[PDB]
Every structure is written in C-alpha cells, then in structure tokens.
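First the structure, in the form of structure tokens, and then the observations on it.
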Amino acid sequence: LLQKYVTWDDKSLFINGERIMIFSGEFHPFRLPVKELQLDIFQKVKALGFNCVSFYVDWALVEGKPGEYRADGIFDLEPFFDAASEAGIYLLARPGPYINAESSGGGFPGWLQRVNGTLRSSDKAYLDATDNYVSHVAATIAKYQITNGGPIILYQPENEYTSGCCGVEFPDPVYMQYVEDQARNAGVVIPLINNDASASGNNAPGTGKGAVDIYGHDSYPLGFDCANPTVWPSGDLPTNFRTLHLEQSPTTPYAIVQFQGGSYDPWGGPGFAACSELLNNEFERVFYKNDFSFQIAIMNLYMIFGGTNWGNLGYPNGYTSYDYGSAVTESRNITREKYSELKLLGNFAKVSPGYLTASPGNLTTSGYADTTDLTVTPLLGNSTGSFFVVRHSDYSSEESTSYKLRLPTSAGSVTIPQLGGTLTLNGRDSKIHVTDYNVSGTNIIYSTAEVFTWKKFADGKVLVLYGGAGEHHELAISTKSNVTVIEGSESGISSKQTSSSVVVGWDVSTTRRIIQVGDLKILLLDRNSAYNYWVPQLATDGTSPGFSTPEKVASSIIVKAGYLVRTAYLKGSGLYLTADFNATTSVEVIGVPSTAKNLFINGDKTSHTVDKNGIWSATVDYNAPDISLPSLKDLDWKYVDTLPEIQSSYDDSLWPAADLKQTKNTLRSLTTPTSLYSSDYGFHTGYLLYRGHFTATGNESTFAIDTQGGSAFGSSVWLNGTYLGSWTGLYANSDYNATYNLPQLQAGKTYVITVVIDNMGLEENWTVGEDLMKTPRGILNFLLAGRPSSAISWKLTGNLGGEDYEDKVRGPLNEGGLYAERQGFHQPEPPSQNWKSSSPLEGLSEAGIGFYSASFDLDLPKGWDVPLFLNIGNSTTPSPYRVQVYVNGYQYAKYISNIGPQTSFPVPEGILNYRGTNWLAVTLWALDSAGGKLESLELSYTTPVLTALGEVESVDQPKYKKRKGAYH
Ligand SMILES: *[C@@H]1O[C@H](CO)[C@@H](O[C@@H]2O[C@H](CO)[C@@H](O[C@@H]3O[C@H](CO[C@H]4O[C@H](CO)[C@@H](O)[C@H](O[C@H]5O[C@H](CO)[C@@H](O)[C@H](O)[C@@H]5O)[C@@H]4O)[C@@H](O)[C@H](O[C@H]4O[C@H](CO)[C@@H](O)[C@H](O)[C@@H]4O[C@H]4O[C@H](CO)[C@@H](O)[C@H](O)[C@@H]4O[C@H]4O[C@H](CO)[C@@H](O)[C@H](O)[C@@H]4O)[C@@H]3O)[C@H](O)[C@H]2NC(C)=O)[C@H](O)[C@H]1NC(C)=O
Ligand SMILES: *[C@@H]1O[C@H](CO)[C@@H](O[C@@H]2O[C@H](CO)[C@@H](O[C@@H]3O[C@H](CO[C@H]4O[C@H](CO)[C@@H](O)[C@H](O[C@H]5O[C@H](CO)[C@@H](O)[C@H](O)[C@@H]5O)[C@@H]4O)[C@@H](O)[C@H](O[C@H]4O[C@H](CO)[C@@H](O)[C@H](O)[C@@H]4O[C@H]4O[C@H](CO)[C@@H](O)[C@H](O)[C@@H]4O[C@H]4O[C@H](CO)[C@@H](O)[C@H](O)[C@@H]4O)[C@@H]3O)[C@H](O)[C@H]2NC(C)=O)[C@H](O)[C@H]1NC(C)=O
Ligand SMILES: *[C@@H]1O[C@H](CO)[C@@H](O[C@@H]2O[C@H](CO)[C@@H](O[C@@H]3O[C@H](CO)[C@@H](O)[C@H](O[C@H]4O[C@H](CO)[C@@H](O)[C@H](O)[C@@H]4O[C@H]4O[C@H](CO)[C@@H](O)[C@H](O)[C@@H]4O[C@H]4O[C@H](CO)[C@@H](O)[C@H](O)[C@@H]4O)[C@@H]3O)[C@H](O)[C@H]2NC(C)=O)[C@H](O)[C@H]1NC(C)=O
Ligand SMILES: OC[C@H]1O[C@@H](OC[C@H]2O[C@H](O)[C@H](O)[C@@H](O)[C@@H]2O)[C@H](O)[C@@H](O)[C@H]1O
Ligand SMILES: *[C@@H]1O[C@H](CO)[C@@H](O)[C@H](O)[C@H]1NC(C)=O
Ligand SMILES: *[C@@H]1O[C@H](CO)[C@@H](O)[C@H](O)[C@H]1NC(C)=O
Ligand SMILES: *[C@@H]1O[C@H](CO)[C@@H](O)[C@H](O)[C@H]1NC(C)=O
Ligand SMILES: *[C@@H]1O[C@H](CO)[C@@H](O)[C@H](O)[C@H]1NC(C)=O
Ligand SMILES: *[C@@H]1O[C@H](CO)[C@@H](O)[C@H](O)[C@H]1NC(C)=O
Ligand SMILES: *[C@@H]1O[C@H](CO)[C@@H](O)[C@H](O)[C@H]1NC(C)=O
Ligand SMILES: [Cl-]
C-alpha cells in the first residue's frame, strides 16, 4: 500500500520481492536494560534460525510524568534497533499504547487513573492522553523502518483488542482507526498487524473502518498450570486454525503473533523451572510443528527471552523474575533442551521455501499413514515439494507407535519404507516428512528423517538429517548415482538402485554416518548430535551476518560445536567463527570456502586438521577461571532506620496532604471524606506511607482499615510508636479489612496513625470498558471507633516528587516512598559514615523497616560471561518479612518470605560492575512484633561461559546526592 519493501499475498510475506517465513521471538528491551546484552539475545535468536524479534514498549516507563516523554539512556530504543540490525534480525514493533505484558498498568502510567474517560476507547480524554506518547514512540519506530534501511518490518497497534463490557460498543471501529492513524501520522508506512486474543476476526481486512493490513491472533493452548508439567489435557491441541483462517482473513498470510513459548508464574506459584518443564522440548516439537500444519507464515513465540521485572515494572500478580520458562533463560543461558529443539525447527524453515507455496489439506487419520493412531496433515506441492506433519491422533500419548507411509511424489506414489522395516513415532513427538524436497537442483524424492539444513558449496552440496533414537528411516534421491558410506559403519545402512533413483535405509545411531550420492553429501544424525550443529551466515563483505535474505541464507556454513555459534565471516585466507563455550568442544566446519587456509575462533588462530572428506576439525579447551565472589555477610553493613515516621519527633509538615474531596478516579467513588487513592496524588509505585492525625477523646478502642496494594500485598499499622499489627499478605487478597485494637489514649492529646502499604503494581486492563487499571492503591475505607471519619486528617507519600520523580536515569517506577528511598540512600556512595554497623542477617527485634548498605568489589576475568545471583535463604518456615534489594541503585529483587517462590535473583553485568565497586542497599520490613532477619544472603554463580561477547559497558549509576525536595 504505502511502500514496496514489505508486501504479502495469501501465503506469505514478501521482503524485497522474496517470500520469507517469519519466525520470531518476543523480547522486551525494558526487561533487560543493558545494550550489550540485548545484542547477546539477538545473536542467540539468530542462531535458532529465526529472522525476527517482536517487542513491546512500556509507556509507563517512558512517560512517568504527563507531557514528558523520556526514552533515553537505559530506555533508549535506538541501540536496541541497532543491535537487531547488527545481528540480522528484523523487528515487529508493538508499542501499544496498551501492551498488557504482565507489566504494571498493562503498560499504562499510573496517571491514567485520573483520566475522565474509558481506557482503550474513543473517549477524547483517553485518546488525548495517548497522543504525546504515540507521536514520540511511533516516530522513533518510523525512523527505523525497513523502508529507511532499518530492521522494523511490521507494526502492531494496540494489543489483544478482543473483549469489551460495561457499555462499550465493542469492537469500536472509530477507536482502532484512530490508533492506526496515530501510527500513520508519525510516519509508519509498513504493514499493520493485530493480535486478537482468540481467533475472533476482529479488525480483519474487509471489516471496513479500523481494519489492519494483516490479521493475526494469539494462542496459549497448553495453558499455565505449571504445577502439573506432564499433564497435556485432552483436546488442548488446536486442530481448526487453518479452517478459521480461511473464514476470517483468507487474503493475508496466516499469522500467530503470540504463540506460547512459556508461562507466567504468580506470587506463591510453583516457579519458572516448572513452567520450563511444561513448555519443554516436547511441547515445542508437537505444538510448533502443529502450527506448521496450518501453513503458518508469521510465527512469534511469547517469550523467547523473558528477563526481569526490575524496579517495580511488573504487574501485581507476578514477582521479580520474568524467566517465563522460555528458551533463553532470565540469566541469558541457552542450556535448556527446548532451545536446541527449537533450533532444529527454526533451521528447517529457513531453508525450505516450498513450505510456503504448498497447498495445505485437512488432517487425516488414514490414507497417508497406515494406522488411525497417527494423524497426518499434508501440505501438497507439485514441482515445489510436499510436507507431511505426523503426530499421535491423541496428541498427549506417550505410546511408541509403528507405522508405514503412503506418500505422493513426482516419481509416483510410494509405500515407505520400500526396503523393509517400519517407521516409529515415540511418544510426545511429531515429524515433518518431506517429498520432492529441492537441495539446490538435486531432488530428494522423500525423506522420513527430518531436515535440519542443507547448503550448496563450490565442491558439493550437503544435507543434514536427523531422527530420534531407536528409529529406522529411509530416503530416496532422484539420481542414477549409487550411494557410498564415507564416514561411519556400513552396518544398518541398506540401499538399492532403481533406473532413476537410489533408496537408502538407516537406523538412528549416536555415531554420525555420512553418505555420498553424486555431489550430495548427507549427514545422518540422532537428534542429540543435531542439537550441537549451527548454521551461521557467512559474511564476505564485513563481519555482520546481515538479514536472512535468500542470498545470505544460501551463503551460510555448517558448524558442529557446543554451547553457541554466533557468527562466521571470511576474510582473506581466514575463516573466522565467533562462538561461546561451556565445556571442551570439538568444532567441525562443513563447507569451508576454497580460499580459506586458517581458522580463527573468537579472533585467535586455532590449529585445525582436514579429514579425507574435507571437514575442518579443531578443539577448543574449556578451563573455567577462579571466580572469587565476596561473602555478603562479611561486608561492612551500615544501618539506618527507614521508618522514622513512627518516632514521636517525626515532623510530616512537608508531606502532601491527602485532602482531595473528589477523586479523579472514574472507577471507584470515594467511601472516605477525602481521597486516599495514591494515584490521585501522583504516587503509582513502590511502598506507600499514610499518616493519620487526630485528637483523642480518650475513649477510642479500635481502628479499622481497608488497605489495597494488589495481589500478595501487605501492610503494617502503628499508632505513634505502638505497633498495632500487620496484614502479612496472601496471593488471594488484593485488599484486606483489618480491625486493630488501640492502646489506652489520653484525652486531648494528638496521635498519628502510620500505615505502610506494599503497592505490588497497578492492574492490567484486559477487558475494554472494565477500566481495571484504575483499581486504586492505598486506603479504601477506615473507621476510628466512636469518631467521625473527618476526625482524622491524612497525609501521604510514595516516591519523592510523585510524577516529578527524582531519578531520571533509573525511571519513574524504581523507587517507592520509604525514607531511605526518598533521600536517595539506595544509590552508590550514600552518606553512611556515621550510621550504625548492623547487618540484615542480624535484622530487627521488633516490627519496623530497616535499611542496610554495603559495597563490595568484583574482579572477574575478561572474556567470560558469568551469571551472578543474589540468594536469600528460606530453608525453614520463616516469619513474615519483605525485602527489596537495590544493586547500584537499581531494584533487582522483591522478596516476600511467607509467599515466595523466588529466593534466587539474577543480576546482569552492566547493572553489576565485574571489575569495580558495587553497592547493595537492602530494605527489610518485618511484619511481626518480634521483628525479623535474613537467614542468609549470598552471591553465587553458574557455569562460566567462554564468550565472544565484547566488554559490557556499565549502565549509568548515579551516585547519592542530597535531594532538596525531601521532607527533612
Ligand atoms: C540457566 O538459567 C537459569 C535461570 O536463570 C538457571 O536456573 C536457576 O539456577 C539457580 C541457581 O542454581 C536456581 O537457584 C537454586 O535452586 C535450587 C533448588 O532447585 C533445585 O533442586 C530442586 C529440588 O530437587 C529441583 O527441582 C531443581 O531442578 C529443576 O530446576 C533446575 C534449574 O535449577 C532444572 O535444571 C531441572 O531440570 C529441574 O527442572 C533444582 O535442581 C536451590 O537449592 C539453590 O539454593 C542453594 O544454592 C545457593 C548457592 O548457589 C544458596 O545460596 C542457597 O542457600 C542454597 O544452597 C544451600 O542448599 C544446598 C543443599 O540443597 C547446598 O548445596 C548449598 O551448599 C547450601 O546448603 C546450605 O543451606 C542448606 C539449607 O537450604 C543446608 O541444608 C546446608 O546444610 C547448608 O547450610 C538455588 O536457589 C534457580 O532456581 C534457577 N532458576 C530457574 C528459573 O530455574 C540455571 O542455573 C542456568 N544454568 C546455567 C548453567 O547457567
Ligand atoms: C553446557 O551447555 C549445554 C547446552 O549446549 C548443556 O547441555 C544441556 O543440558 C540440559 C540439562 O541442563 C539437557 O537437558 C536435559 O537432558 C537430560 C538428559 O536427557 C537428554 O539426553 C539423553 C541422551 O543423553 C536423551 O536420551 C534424552 O531424550 C529423552 O528425554 C527427553 C526429555 O525428557 C525426551 O524429550 C526424549 O524424547 C527422550 O525420551 C534427552 O535428550 C534430560 O533428562 C532432562 O530432562 C528433564 O528436565 C527437563 C527440564 O530441564 C524436563 O523438561 C524433562 O521432562 C525432564 O524432566 C525430568 O527430570 C527433571 C530433573 O531435572 C525433573 O524435574 C522432572 O520432573 C522429570 O523427572 C522425572 O523423570 C526423570 C527421568 O526418568 C527422573 O529422574 C525423575 O525422578 C522424575 O521421575 C533435560 O532435558 C540438554 O539436553 C543438554 N543439551 C545438549 C545440547 O547437550 C550443558 O548442560 C551445559 N553444561 C554446563 C556445565 O552448564
Ligand atoms: C519459604 O518457605 C515457606 C515454607 O515452606 C513457604 O511458605 C509456603 O508458601 C506457599 C506458596 O505461597 C504456600 O502455599 C499457598 O497457600 C495458599 C493458602 O494459604 C494457597 O492459596 C496457595 O495455592 C494457590 O495459589 C497459588 C499461587 O499463589 C497457585 O499456584 C495455586 O494453584 C493456588 O491457586 C488458587 O488460588 C488462587 C488465589 O485464590 C487463584 O488465583 C487460583 O486460580 C487458584 O484458585 C482456585 O483454587 C483455590 C483453592 O486452592 C480456590 O480458593 C479458588 O476458588 C479457585 O478454585 C498455596 O497453597 C504455603 O502455605 C506456605 N507454607 C507454609 C508452611 O507457610 C514460602 O513461600 C517460602 N518463601 C520463599 C521466598 O520461597
Ligand atoms: O504471558 C501472558 C501473555 O498473555 C497474552 O494474553 C494472555 C491471554 O491471552 C490468551 O490468548 C487468552 O485469552 C488468555 O488465556 C490469556 O490470559 C497477552 O497479550 C500478553 O501481553 C501476556 O499477558
Ligand atoms: C530447485 O533449486 C534450483 C537451484 O536453486 C532451481 O534452479 C530450481 O528452480 C528449483 N526447482 C524447483 C522444482 O523448485
Ligand atoms: C552400489 O553399491 C552397493 C554397495 O554400496 C553394491 O552392492 C552395488 O553393487 C553397487 N552398484 C553398482 C552398479 O556398482
Ligand atoms: C467526569 O466528567 C463528567 C462530565 O464533566 C463529570 O460530571 C464527572 O464528575 C467527572 N468524573 C470524575 C470522576 O472526574
Ligand atoms: C466510651 O465508650 C464506651 C464503649 O465504646 C461507651 O459505653 C461509653 O458510653 C463511652 N464513654 C463516653 C464518656 O462517651
Ligand atoms: C472489605 O470491606 C469492604 C467494605 O465493606 C468490602 O467491599 C470489601 O470487599 C472487603 N474486602 C475483603 C477482602 O473482603
Ligand atoms: C504522637 O506523634 C506525633 C508526631 O508523629 C507527636 O507530635 C505527638 O505528640 C505524639 N503523641 C504522643 C501522645 O506522644
Ligand atoms: Cl524524606
């Protein structure tokens, strides 16, 4: 329409006139705010065979103050976009404004609680509120469109605009048209794609006003019950997706914009380890190949890398980790078997253009395989080849099943295996069998083993096939050449020539076999060997792989290695690889260019041998360095009381008065004389403090209070210095009604109720019209027994300045309203010389909140990617306490002793300084009259990785400075 770089037909996207299968992973830059590690992730994605990444922008982080857009420093999108270009990864941009994403407010800044209009609607007050954000973020996206030589190819307006309620006329076409025009007006010309939460046809082409260019939808078919990771409920595998697609948007390529790549996990949940078992390699091979059965052309996995909900950016139901059980873990490692499995499928799609031109058929329980226990969905092509996705009919089945295939080919139909034996599908597995598969002019008539990759080189073609252990396979090639075994044993390999073909049968073995037929060499692998193969693009005009264009895809090499192969480039007589290693690794390169005489690995010349088949071999030794981590308990811990409010000399005269008689919140009208909704006064994040002044009659007995901080929140109440009690919190409670007994008060004297409330983050806004993001935080109701409500005059604070937030570098959400946070003591080099020496492991002997500070040096070796973790002990049932940990001023742990489950908190390099000084600031809130302490506090590490990554630059870490706007 508006440009010619990205077009489409009913089958696929075209980029620069060439078909491409978009295989994408979701990655949120705001959850990993270190630019060098962003490149790390992009390179890990590219090594999967993927060509795309989808990303959200979190409005709440970049317009914390209305009218001040700040997407600078750690929030700058431009380095993120340049990292993608550098890695050769296209981008799908999803700036919202509404993103959901398990983020606070679902992306909405807390000041939307004051907007007089329905959120995600055509009400002018909402639309007006979005204009400044979108005109900024969309302009930045516009600058980096592929039309300008950038990486961005698709744009998503809104997010899951799918369900409405409560008076809204859903779907409102005026609303979506407006959101679409905002993007266009900012210079976005690439196609717009939506992500319907279910296949409901919302905003599909042909729906008139508000229609997007390409209809997309989402799917999380395995659900989120991470507690039972082996349970695959009956009927949960989608079977009707192509049918739905042909009804809802037949003129556009089939797109799933969010397909399950993991799961969220709430406070009190089973943990992301369990989620990684549910969405493991078996889920991938069955469910992802099932999406290929619908001829999916655009496929984005949510998430490919989850990262961390640092600095309170997450929604109330989730905790600090957003590991998500995804293929790349929170600490950026790719050890999970699901990464390697995903790599196999991703690399298959990258080299199989006939997949996109084929005609998909209906699934069948007969006619292709000889048992109804199997289901086969065919994708038929004449000249361009066919594809057959095989799985168990009951998809949850762990049975081993013998079968034979009857498949059509250009050479006529054939019953396979022709030479004897049977095929096997073992349990939770799925296969894509191929017929008439083009290996650069050589026709593979059929193969039962799955294709990993193939390449054409100067001295021949190479094809890499794999099967699971215990499987027999067969292939046939259009050729009059015989077959020769050129590596490995000839036993298990059977063969026969016909007049225009050669047929070869084999059993999967842990030992590789290589066979030769004419100029085609075929590697026959087991799945676990195939896991160690890589297909980097080979650059000949620089060091960067470039995007996955057909010419650069064709010019790739095949590398057997270990943990990771990032890049490859040819320079003079040198073949350069960049790779990471977590063990001693034999490296083999297949398809070494004719001109290459030396091998370099990460810039170092590396001895190699050449075997009789022309394969380069080398060894890279892994010798982990001494990692010296300080013992956090032995540091010089400095303590200050960060609840001075409960001492009798505290002066709150500078605090904002909670004196608004009308709320600006449209969702919930006041049930108190003045608003005690935190967001009415610009406080949207972290711990909140309320102070209630009154004069006693002498006859007060109880104080009742309804506090609300979101799921798993807690609160604590004092009358002057006297602790009244706490709500220690439950995931099930987002608010709590408590009645506290008061001590004997003296008639005529003034007293102050101090209330501390944990704001877990603002609610999402999933249903349009419900306005749940407006759910307030703070105090909803109170009753001082025998006194009118107006007897208490309230003051409150959250983060200092509220929306005029102090820390422009670390963002609007990082710090809450504790005295120590207000003063900025959580930053590097606080004024702690005169403070008391006391450790969080000694802790508090009564209810309250302590603030602890210590520095420590690190001196970790260059060239090693070492994941570090903060650990808080929980070996036995603890008393109730809450902890926040700030690392160089950045909050990277929120901990609830009685709820969990997180005890291990990763902190990335860049936030931590691996060769320099670091600062820990710990808040410890005891919700128990007997106080509380940390059982243990430890730094740890996991497998050091010898890495190709460059120096990781430390992000800006502003040191402590006296804040003139503080209340002292
Ligand atoms: C890739 O990235 C991943 C995500 O970033 C990363 O996974 C994370 O790794 C960290 C660090 O290992 C994990 O934290 C640890 O979790 C341990 C508990 O889980 C283990 O045990 C379970 C029960 O059997 C298993 O279910 C579980 O397996 C599952 O999860 C695995 C991933 O971890 C996965 O591979 C499997 O497939 C499976 O799904 C798992 O094996 C926990 O024990 C551990 O705490 C100890 O270690 C800390 C030091 O590092 C201490 O600070 C802490 O106090 C604990 O140490 C104490 O306990 C041990 C005894 O059991 C002793 O060995 C210690 O010396 C110490 O003992 C003292 O204290 C004891 C009291 O507890 C006492 O008994 C002793 O006398 C003594 O006083 C830590 O929390 C985190 O959970 C993982 N996160 C996720 C999302 O998975 C992965 O590591 C990365 N991989 C690589 C290679 O980089
Ligand atoms: C350096 O980097 C390397 C990557 O480049 C990295 O290597 C990778 O390391 C991970 C582990 O961190 C490997 O994944 C594990 O592999 C385990 C071994 O099995 C694999 O290899 C075998 C051959 O050697 C294969 O036969 C095997 O295939 C079989 O099993 C598959 C998976 O179950 C199945 O799909 C196949 O069809 C086939 O049947 C497999 O390929 C593997 O056992 C382990 O699986 C468990 O953990 C996963 C989560 O991490 C789960 O998703 C999975 O379901 C398994 O869970 C079981 O074990 C857990 C304990 O960890 C429990 O929590 C679960 O409840 C469950 O336990 C039940 O069953 C157990 C088995 O009987 C039993 O013990 C329990 O009692 C209970 O009944 C996981 O997939 C990965 O393969 C490696 N990748 C490569 C390329 O090599 C290396 O580790 C890094 N090194 C360092 C030092 O950091
Ligand atoms: C340190 O160690 C200590 C000691 O071991 C750890 O303490 C343990 O922590 C556990 C996890 O927090 C805790 O278990 C929980 O107990 C409560 C009941 O008091 C229960 O609600 C929890 O189970 C639900 O919630 C979790 C998520 O928090 C879900 O994963 C789980 O599936 C359950 O979900 C249900 O309730 C939710 C809230 O209502 C719903 O959203 C959800 O849909 C589901 O609701 C259905 O079922 C409900 C009934 O279960 C029903 O009401 C509703 O109508 C729906 O049908 C979980 O059992 C242990 O009690 C606690 N143990 C001890 C001895 O104290 C501590 O966590 C550790 N700390 C760290 C940092 O690791
Ligand atoms: O990590 C969850 C992820 O969910 C996306 O929607 C979740 C929502 O959508 C499904 O299709 C289905 O309707 C529901 O079961 C499910 O809750 C969301 O778009 C994304 O931002 C994130 O929240
Ligand atoms: C197979 O690939 C070769 C070389 O790329 C090409 O010339 C030919 O058109 C392809 N054949 C088919 C049937 O697609
Ligand atoms: C093809 O090779 C096989 C053994 O690999 C052999 O049995 C057969 O005779 C060969 N065919 C011809 C025509 O040489
Ligand atoms: C919003 O606007 C209407 C019309 O001006 C007004 O009557 C109402 O009081 C407002 N509501 C809130 C919560 O500000
Ligand atoms: C004080 O309170 C008690 C119980 O609330 C009540 O019975 C009594 O009337 C009150 N005394 C005065 C002087 O108001
Ligand atoms: C607390 O009381 C209020 C007002 O009576 C009620 O609306 C709210 O639902 C109650 N909260 C809980 C957690 O029961
Ligand atoms: C209670 O605290 C306030 C200040 O927080 C103080 O001014 C007042 O005198 C205290 N009351 C008593 C009875 O000590
Ligand atoms: Cl202050």
Side-chain angles (χ1 to χ4, degrees), residues 26 28 56 94 96 98-103 106-107 159-160 162-163 195-200 217-221 223-224 229 256-265 270-277 280 302-303 306 308 315 317-318 321-326 328-337 339 563 582 629 632 644-653 691-696 718-722 745-746 748-754 764 766 795 865-876 901-906 935-945:
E26 188 88 6
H28 300 159
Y56 281 141
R94 320 203 299 149
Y98 184 70
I99 61 165
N100 207 70
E102 282 79 63
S103 66
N159 182 81
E160 299 202 322
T162 304
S163 87
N195 67 317
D196 219 5
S198 71
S200 309
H217 76 89
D218 303 342
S219 177
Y220 290 82
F224 312 93
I256 302 187
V257 170
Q258 302 182 17
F259 197 85
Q260 187 164 24
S263 176
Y264 61 72
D265 192 52
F272 283 121
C275 296
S276 74
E277 299 187 0
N280 71 352
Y302 189 107
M303 301 290 294
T308 303
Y315 83 147
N317 299 46
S321 186
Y322 202 56
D323 177 89
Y324 210 80
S326 63
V328 190
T329 73
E330 181 173 21
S331 51
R332 304 179 289 106
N333 80 57
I334 50 166
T335 58
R336 293 175 172 157
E337 193 165 329
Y339 176 93
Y563 186 68
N582 77 338
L629 297 185
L632 300 188
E645 289 80 3
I646 69 169
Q647 299 164 45
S648 57
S649 51
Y650 192 79
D651 177 5
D652 66 15
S653 61
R691 278 170 66 79
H693 299 241
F694 69 102
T695 309
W718 287 262
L719 185 285
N720 280 60
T722 301
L745 312 185
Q746 300 177 240
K749 309 309 290 274
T750 76
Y751 292 91
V752 176
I753 299 173
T754 296
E764 289 179 316
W766 203 82
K795 303 204 190 159
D865 188 11
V866 193
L868 300 183
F869 295 81
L870 268 165
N871 300 272
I872 300 171
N874 195 44
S875 57
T876 190
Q902 201 174 1
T903 59
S904 170
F905 294 86
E935 187 180 64
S936 42
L937 182 61
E938 297 178 12
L939 217 67
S940 79
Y941 68 93
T942 58
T943 309
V945 175

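Throughout, numbering of the chain's residues begins at 1 and tracks the sequence. Numbering of ligands and ligand atoms starts at 1, following listing order.
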Just so I know, are the side chains of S936 and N871 near enough to count as touching, which here means a heavy-atom distance under 4.5 Å? no
Is it the case that the side chains of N317 and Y264 hold a donor-acceptor pair, with the cut-off being a distance below 3.5 Å and no angle test? no
Sub-4.0 Å protein heavy atom near atom 92 (C) of ligand 1: yes
Of the non-hydrogen atoms in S904 and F869, which two are nearest, and what is the gap between them? OG-CD2, 3.2 Å
Specify whether the nearest protein heavy atom to atom 80 (O) of ligand 1 is under 4.0 angstrom away. yes
Shortest protein heavy-atom distance from atom 88 (C) of ligand 1, along with the residue and atom involved: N333 ND2, 3.7 Å
Ligand 4 N/O to protein N/O, distances under 3.5 Å:
unit_1: ligand 4; atom_1: 1 (O); unit_2: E102; atom_2: OE1; d: 2.6
unit_1: ligand 4; atom_1: 1 (O); unit_2: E102; atom_2: OE2; d: 3.4
unit_1: ligand 4; atom_1: 1 (O); unit_2: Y324; atom_2: OH; d: 2.5
unit_1: ligand 4; atom_1: 6 (O); unit_2: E160; atom_2: OE1; d: 2.9
unit_1: ligand 4; atom_1: 6 (O); unit_2: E160; atom_2: OE2; d: 3.1
unit_1: ligand 4; atom_1: 9 (O); unit_2: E160; atom_2: OE2; d: 3.4
unit_1: ligand 4; atom_1: 11 (O); unit_2: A197; atom_2: O; d: 2.8
unit_1: ligand 4; atom_1: 19 (O); unit_2: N159; atom_2: ND2; d: 3.4
unit_1: ligand 4; atom_1: 19 (O); unit_2: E160; atom_2: OE1; d: 2.9
unit_1: ligand 4; atom_1: 19 (O); unit_2: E160; atom_2: OE2; d: 3.1
unit_1: ligand 4; atom_1: 19 (O); unit_2: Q258; atom_2: OE1; d: 3.1
unit_1: ligand 4; atom_1: 19 (O); unit_2: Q258; atom_2: NE2; d: 3.3
unit_1: ligand 4; atom_1: 21 (O); unit_2: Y56; atom_2: OH; d: 3.1
unit_1: ligand 4; atom_1: 21 (O); unit_2: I99; atom_2: O; d: 3.3
unit_1: ligand 4; atom_1: 21 (O); unit_2: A101; atom_2: N; d: 2.8
unit_1: ligand 4; atom_1: 23 (O); unit_2: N100; atom_2: ND2; d: 2.7
unit_1: ligand 4; atom_1: 23 (O); unit_2: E102; atom_2: OE1; d: 3.4
unit_1: ligand 4; atom_1: 23 (O); unit_2: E102; atom_2: OE2; d: 2.3

For residues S163 and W766, report the shortest heavy-atom separation together with the two atoms involved. OG-CZ3, 3.4 Å
Would you say atom 43 (O) of ligand 1 touches the protein, meaning some protein heavy atom is under 4.0 Å from it? no
For atom 11 (C) of ligand 1, find the nearest protein heavy atom and state the residue, atom name and distance (0.1 Å precision). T942 CG2, 4.2 Å
When every non-hydrogen atom of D323 is compared with those of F272, the smallest separation belongs to OD2-CB, 3.7 Å
Are any non-hydrogen protein atoms located under 4.0 Å from atom 1 (C) of ligand 1? yes
Among all protein heavy atoms, pick the one closest to atom 49 (C) of ligand 1 and tell me residue, atom and distance. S940 CB, 4.0 Å
Could you tell me if the side chain of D265 sits less than 4.5 Å from the side chain of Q902, heavy atoms only? no
Using every non-hydrogen atom in the two residues, find where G873 and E935 come nearest and quote the distance to one decimal. C-OE1, 3.4 Å
Please report which non-hydrogen protein atom sits nearest to atom 47 (O) of ligand 1, along with the residue it belongs to and the distance in Å to one decimal place. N871 OD1, 5.0 Å
Below the 3.5 angstrom mark, is there an N/O of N720, backbone or side chain, next to an N/O of ligand 10? yes
Minimum-distance protein heavy atom relative to atom 13 (C) of ligand 10: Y751 CE2, 3.6 Å
Protein non-hydrogen atom below 4.0 angstrom of atom 56 (O) of ligand 1 present: no
Closest approach of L745 and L719, non-hydrogen atoms and distance? CD2-CD1, 3.8 Å
Flag for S321-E330: side-chain donor and acceptor within less than 3.5 Å: yes
Give me the nearest non-hydrogen protein atom to atom 10 (C) of ligand 1 as residue plus atom name, then the distance to 0.1 Å. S904 OG, 3.9 Å
Beyond-backbone contact of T750 with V752, side-chain heavy atoms, under 4.5 angstrom: no
Using side-chain heavy atoms (C-beta onward) and a distance below 4.5 Å, is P867 in contact with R332? no
Under 3.5 Å, is there a donor-acceptor pair between the side chain of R336 and the main chain of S276? no
Just so I know, are the side chains of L629 and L868 near enough to count as touching, which here means a heavy-atom distance under 4.5 Å? yes
How about atom 39 (O) of ligand 1: does it have a protein heavy atom within less than 4.0 Å? yes
Answer yes if a protein heavy atom lies under 4.0 Å from atom 7 (O) of ligand 1, otherwise answer no. no
Is there at least one pair of N or O atoms, one from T329 and one from ligand 1, spaced under 3.5 Å apart? yes
Closest heavy-atom pair and its distance - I99, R94: CG2-O, 3.8 Å
Quick test: of every protein heavy atom, which one is nearest to atom 6 (C) of ligand 10, and how far off is it to 0.1 Å? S648 O, 3.6 Å
Interfacing atoms of ligand 1 (cut-off 4.0 Å, heavy-atom, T903): 80 (O)
Tell me whether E938 has any N or O atom under 3.5 angstrom from an N or O of ligand 1. yes
min-distance protein heavy atom vs atom 87 (O) of ligand 1 -> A273 CB, 3.6 Å
For atom 5 (O) of ligand 1, what's the nearest protein heavy-atom neighbour? Residue, atom name and distance, please. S331 OG, 2.7 Å
Region of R691 that comes within reach of ligand 10 [heavy atoms, distance under 4.0 Å]: side chain
Validation row: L937, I872 side chains within 4.5 angstrom (heavy atoms): yes
May I ask you to test the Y563-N333 pair for a side-chain heavy-atom distance under 4.5 Å? yes
Could you find the nearest protein heavy atom to atom 71 (C) of ligand 1 and give me its residue, atom name and distance? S875 CB, 3.4 Å
Is the shortest N/O to N/O distance between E277 and ligand 1 below 3.5 Å? yes
Is there a side-chain contact between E160 and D196 in this structure, where contact means two heavy atoms from C-beta onward sitting under 4.5 Å apart? no
Classify the ring geometry between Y322 and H28 as parallel (under 30°), tilted (30 to 60°) or perpendicular (over 60°). parallel
Ligand-residue contact atoms, ligand 10 with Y650, heavy atoms, under 4.0 Å: 4 (C), 5 (O)
Among all the protein's heavy atoms, is there at least one whose distance to atom 66 (C) of ligand 1 comes out below 4.0 Å? no
